[PDB]
Structures are given as structure tokens and as C-alpha cells.
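Ideal geometry is used to build each Cβ from the backbone, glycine not excepted, and the neighbour counts take in all protein chains shown. Rule-based calculations on the coordinates, nothing more; no lab input.
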Amino acid sequence: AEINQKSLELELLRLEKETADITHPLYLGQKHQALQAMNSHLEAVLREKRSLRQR
Amino acid sequence: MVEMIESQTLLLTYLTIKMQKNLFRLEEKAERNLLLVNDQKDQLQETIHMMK
């Protein structure tokens, strides 16, 4: 019985590790940040379109 | 007096041998019954674990 419990635990942990890059909050959070930085930059570029065109 | 003590010894010894023989038969039947039930327990436990 004890072996069976630990075996299940192991199986569960293995499944979680294999799918962490797309599922875990930590990794997903990093991707969000990178995307927000670029958004802001593009907003700025669009706001100064006239000046940039003139240049 | 020696004849009386010998008669007592004979009675006790007879009782003893008779009891021991019948007790061994019960112990064997009992252990067999316990093992059979224990085996049923083990099969149920394995099935429950797999379902979980």
C-alpha cells in the first residue's frame, strides 16, 4: 500500500514538471512582462508618427 | 500409595494428550481461515488503489 501511494505521487510530479513552461504561473508571468514592454513602445511610436515622418 | 499416584499420573497424561491433539487441529483450521480472509482483503485493496 505504501509503495502504491508513493508511486502515484511520483507520477503526479512528473506530469507537472513536463508541462510547467506553459502552465505554471511563474513562466507565464515572464512572458507577460515582455509583451507589455513592447506594447508601450509601439504606442509611443504611433503617438509620434507625424514627427517621425517629417524626419 | 504408589499405586494411587500412578493412577493420577495416568489420568492427567491421558487428558493432556487428548487436549493437545484436538487443539492442534483447531489451530490449523483457524490459520487457514485467516489466510483466506486476508487474501480477500488484499485483492480489494489493490482494486481500490488502481481506481484512485
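Could you list, in sequence order, all residues of chain A that are within 14 Å of chain B (Cβ to nearest Cβ) and not in a helix (DSSP H, G or I)?
Answer for chain A, where residues must be within 14 Å of chain B (Cβ to nearest Cβ) and not in a helix (DSSP H, G or I): just A:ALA1.
Let's see how each residue does on (1) under 30 Å from B:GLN45 (Cα atoms); (2) loosely packed, with under 10 Cβ neighbours inside 10 Å; (3) touching a strand residue (DSSP E or B) at 6+ places or on another chain (Cβ under 8 Å); (4) in contact (Cβ under 8 Å) with a residue 12 or more places away in the chain:
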site: A:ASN4; (1), (2), (3), (4): yes, no, no, no
site: A:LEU13; (1), (2), (3), (4): yes, no, no, no
site: A:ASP21; (1), (2), (3), (4): no, no, no, no
site: A:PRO25; (1), (2), (3), (4): no, yes, no, no
site: A:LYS49; (1), (2), (3), (4): no, yes, no, no
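Looking at B:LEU23, B:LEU15, B:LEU10, which one is within 14 Å of the chain's Cα centre (by Cα), surrounded by 10 or more Cβ atoms within 10 Å (Cβ to Cβ), assigned to a helix (DSSP H, G or I) and of a type in the set (A, V, I, L, M)?
Matching residue, one of B:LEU23, B:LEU15, B:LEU10: B:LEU23.
Residue under question is B:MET50, and the condition is that it be in a helix (DSSP H, G or I), loosely packed, with under 10 Cβ neighbours inside 10 Å and within 14 Å of chain A (Cβ to nearest Cβ); does it hold?
Against the criterion (in a helix (DSSP H, G or I), loosely packed, with under 10 Cβ neighbours inside 10 Å and within 14 Å of chain A (Cβ to nearest Cβ)), B:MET50 qualifies.
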